[PDB]
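Novice: Once you've had a glance at the structure underneath, I'll fire off some questions.
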Amino acid sequence: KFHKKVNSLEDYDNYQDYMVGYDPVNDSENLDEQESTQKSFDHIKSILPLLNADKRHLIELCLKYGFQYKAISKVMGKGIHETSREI
DNA sequence: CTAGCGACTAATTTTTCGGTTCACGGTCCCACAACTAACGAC
């Protein structure tokens, strides 16, 4: 059904002339947004060393395994509730 | 030079769709393959 719901681009005469188009402005804007996000993350990384060591390691682990309160709690010693509160 | 003074996170369950199975009365032009009628040799 899906493959029979798909037409052929040849049904439109000279489809390569007026269809299947893109604007590089969109690509440049997407890359600019990516750069903005990267700059924000670099700002956060630079702020990280100013925090307490335990809270810095909590975030560092949460950024390389990922908000895994259970596995972090067993790793740390604090419970699920305490570890979530500290995060 | 010194002293007195003004509720969030993890674990378990349950359900719709896809997979599988059964299987009787137009034109003009340029090449290419047949092809055949005539021509020459044994």
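Every chain in the structure tokens takes a letter, A first, then B, and so on in the order presented; its residues are numbered from 1, and the ligands are numbered from 1 following the presented order.
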Could you give me, as a PyMOL selection string, each residue of chain A that DSSP assigns to alpha helix (DSSP H) when run on this structure's backbone?
Specialist: chain A and resi 15-18+24-47+53-61+69-76+80-86
Novice: Pull out every residue of chain B sitting within 12 Å of chain A, counting only C-alpha atoms (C1' of nucleotides), and send them as a tab-separated table (two decimals) with N, CA and C atoms (P, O5', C5', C4', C3', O3' and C1' of nucleotides), in the first residue's frame.
Specialist:
chain	number	residue	atom	x	y	z
B	7	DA	P	3.11	16.53	45.30
B	7	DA	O5'	4.40	16.04	44.49
B	7	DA	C5'	5.69	16.55	44.81
B	7	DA	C4'	6.78	15.64	44.27
B	7	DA	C3'	6.58	15.15	42.84
B	7	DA	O3'	7.83	15.02	42.20
B	7	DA	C1'	6.67	13.30	44.29
B	8	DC	P	8.00	15.41	40.65
B	8	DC	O5'	9.36	14.68	40.23
B	8	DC	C5'	10.47	14.69	41.11
B	8	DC	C4'	11.17	13.34	41.13
B	8	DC	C3'	11.34	12.68	39.76
B	8	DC	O3'	12.59	12.03	39.71
B	8	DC	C1'	10.14	11.24	41.17
B	9	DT	P	13.33	11.80	38.30
B	9	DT	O5'	13.90	10.32	38.42
B	9	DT	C5'	14.34	9.84	39.68
B	9	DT	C4'	14.08	8.35	39.81
B	9	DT	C3'	14.22	7.55	38.51
B	9	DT	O3'	14.99	6.39	38.75
B	9	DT	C1'	12.17	7.06	39.54
B	10	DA	P	15.69	5.60	37.53
B	10	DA	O5'	15.33	4.08	37.83
B	10	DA	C5'	15.46	3.58	39.15
B	10	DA	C4'	14.58	2.36	39.38
B	10	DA	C3'	14.58	1.34	38.24
B	10	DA	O3'	14.50	0.04	38.79
B	10	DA	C1'	12.38	2.12	38.59
B	11	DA	P	15.05	-1.23	37.98
B	11	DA	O5'	13.90	-2.31	38.17
B	11	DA	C5'	13.26	-2.44	39.43
B	11	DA	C4'	11.87	-3.05	39.27
B	11	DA	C3'	11.75	-4.06	38.14
B	11	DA	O3'	11.01	-5.18	38.58
B	11	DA	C1'	10.15	-2.32	37.85
Novice: Considering only C-alpha atoms (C1' of nucleotides), return as JSON, numbers by chain whatever protein or nucleic-acid residues lie within 10 Å of segment 48-65 of chain A, sequence-local ones (same chain, fewer than 4 positions apart) excluded.
Specialist: {"A": [42, 43, 44, 69, 71, 72, 76, 83, 86, 87]}
Novice: Go ahead and compute the interatomic distance for atom CA of residue 2 of chain A and atom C1' of residue 16 of chain B, in Å to one decimal.
Specialist: 19.5 Å
Novice: Mind pulling up the distance from atom CA of residue 27 of chain A to atom CA of residue 41 of chain A?
Specialist: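 Separating atom CA of residue 41 of chain A from atom CA of residue 27 of chain A is a distance of 21.2 Å.
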